[PDB]
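*Asks:* Protein chains in written order, with PDB author numbering: chain A, 51 to 99; chain B, 984 to 1131; chain C, 984 to 1032. C-beta: ideal position from N, C-alpha, C; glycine also.
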Amino acid sequence: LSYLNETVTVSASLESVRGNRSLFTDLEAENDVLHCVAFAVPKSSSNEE
Amino acid sequence: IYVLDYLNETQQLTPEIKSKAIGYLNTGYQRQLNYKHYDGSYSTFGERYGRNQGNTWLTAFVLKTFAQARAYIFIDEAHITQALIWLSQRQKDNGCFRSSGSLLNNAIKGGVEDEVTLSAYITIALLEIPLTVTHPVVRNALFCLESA
Amino acid sequence: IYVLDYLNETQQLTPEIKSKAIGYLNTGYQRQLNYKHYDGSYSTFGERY
Ligand SMILES: *[C@@H]1O[C@H](CO)[C@@H](O[C@@H]2O[C@H](CO)[C@@H](O[C@@H]3O[C@H](CO)[C@@H](O)[C@H](O)[C@@H]3O)[C@H](O)[C@H]2NC(C)=O)[C@H](O)[C@H]1NC(C)=O
Ligand SMILES: *[C@@H]1O[C@H](CO)[C@@H](O)[C@H](O)[C@H]1NC(C)=O
């Protein structure tokens, strides 16, 4: 990110493909720094969704 | 599907018209298999090749019929699932659906093809799925709905 | 179908196996239906003539 109004939050949100499940999470936003979130996921019902 | 439901809901029933419609629904189901893509979606001609893409409107008509003739009898899920991944891809962050048209004729669709009702009928048949009323996707839809 | 019942008795199943084999049932059902005789018997080439 960079440039004008780091009053921001980027996100890698997660809503799946059938039924209902999610992995919502938040990520900051300051200018021109490559601060890399390390989110994660747990298992599911079916193998390879 | 909705004639059978009309008879079933009004208690206007009879079994071997169900066997009749079973021959019907099977041959038509696999007929749709004759013209899909292995990504999943559905256009006019389709199978044996990749020189084509699906259709919002028609694949919605398809999948409404999927869900309801599913709602009486056995289905398999992975196919229509990948069809959902397709529809999921194909709309803006904040704007509406795209009528990626590879259709057949002019008045098959009784709707007059507004982008408005294009995108609406897609999302709200997608809601007529056994699916949420919560997904971000349909929220983007609802954004387009307020817009529309 | 024969191994399907085999699985159902041997007890070792993985059900989406059978969902896609239900696909196999109805698709072979109908792609065989599109080749029968008008009477009920079957030939090799048949339909549309
Ligand atoms: C007419 O409408 C019904 C929905 O009311 C369609 O679904 C069928 O509904 C019956 C119950 O009236 C189901 O029987 C039930 O099955 C479950 C297991 O899935 C079992 O736990 C219950 O005890 C009960 O036996 C039936 O499964 C279901 N579909 C069928 C008949 O296979 C019905 O399909 C409609 N018929 C038509 C097409 O006119
Ligand atoms: C999804 O929404 C349904 C609504 O009934 C709820 O029951 C279910 O727990 C939700 N699933 C998750 C884990 O998001």
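#1: How is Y1025 of chain B classed by DSSP in three states: helix, strand or coil?
#2: With a 10 Å radius around its C-beta and 16 neighbouring C-beta atoms as the bar for buried, classify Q1074 of chain B as buried or exposed.
#3: Exposed or buried, what is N1017 of chain C when buried is set at 16 or more other beta-carbons lying within 10 Å of its beta-carbon?
#4: When the cut-off is 7 Å and only beta carbons count, does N1009 of chain B lie next to chain C?
#5: Ligand 2 heavy atoms versus the CB of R71 of chain A: any closer than 6 Å?
#6: If you drop the 5 nearest sequence neighbours on each side, which residues of the same chain put their C-beta closer than 7 Å to that of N1077 of chain B?
#7: For the alpha helix (DSSP H) holding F1126 of chain B, just list the boundary residues, first then last.
#8: In terms of alpha-carbon separation, which member of B:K1019, B:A1103, B:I1112 lies closest to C1079 of chain B?
#9: Please list the terminal residues of the continuous alpha helix (DSSP H) segment that includes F89 of chain A.
#10: Between the segment 1044–1070 of chain B and chain C, which residues of the former have a C-beta closer than 9 Å to a C-beta of the latter?
#11: Would you say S1071 of chain B and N1035 of chain B are within 7 Å of each other, going by their C-beta atoms?
#12: Measure from the C-beta of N70 of chain A to each C-beta in chain B and report whether the shortest distance is under 7 Å.
#13: Does at least one heavy atom of ligand 1 sit under 6 Å from the Cβ of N991 of chain C?
#14: Would the beta-carbon of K1003 of chain B fall within 7 Å of that of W1040 of chain B?
*Replies:* According to the structure shown:
#1: Numbered from its first residue, the second sequence carries residue 1025 of chain B at position 42. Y1025 of chain B falls in the strand class under three-state DSSP.
#2: Indexing the second sequence from 1 puts residue 1074 of chain B at position 91. Result: buried.
#3: As a first step, residue 1017 of chain C must be located in the third sequence, where it is residue number 34. Burial call: exposed.
#4: The residue labelled residue 1009 of chain B in the question sits at position 26 within the second sequence. Residue contact with chain C for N1009 of chain B: present (Cβ-Cβ distance below 7 Å to some residue of chain C).
#5: By one-based count along the first sequence, residue 71 of chain A stands at place 21. Yes, Cβ of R71 of chain A sits closer than 6 Å to a heavy atom of ligand 2.
#6: Indexing the second sequence from 1 puts residue 1077 of chain B at position 94. Counting only Cβ-Cβ distances below 7 Å, and skipping sequence neighbours, we find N1123, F1126.
#7: Here residue 1126 of chain B refers to the residue found at position 143 when the second sequence is read from its first residue. Where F1126 of chain B is concerned, the enclosing alpha helix (DSSP H) stretches over 1119–1130.
#8: Position 96 of the second sequence, counting from 1, holds the residue named residue 1079 of chain B. It is B:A1103.
#9: Against the first sequence, residue 89 of chain A aligns to sequence position 39. It is not in any alpha helix (DSSP H) - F89 of chain A carries neither H nor E in the DSSP assignment.
#10: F1057, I1058, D1059, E1060, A1061, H1062
#11: Counting from 1 along the second sequence, the entry for residue 1071 of chain B is found at position 88. Counting from 1 along the second sequence, the entry for residue 1035 of chain B is found at position 52. In this structure, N1035 of chain B does not lie closer than 7 Å to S1071 of chain B by Cβ.
#12: In the first sequence, the residue the question calls residue 70 of chain A occupies position 20. Yes, contact with chain B.
#13: Numbered from 1 along the third sequence, position 8 holds the residue referred to as residue 991 of chain C. No, since every heavy atom of ligand 1 falls outside the 6 Å radius drawn around the Cβ of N991 of chain C.
#14: Taking the second sequence and counting its residues from 1, one reaches residue 1003 of chain B at position 20. Taking the second sequence and counting its residues from 1, one reaches residue 1040 of chain B at position 57. No, Cβ-Cβ distance for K1003 of chain B and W1040 of chain B is not below 7 Å.
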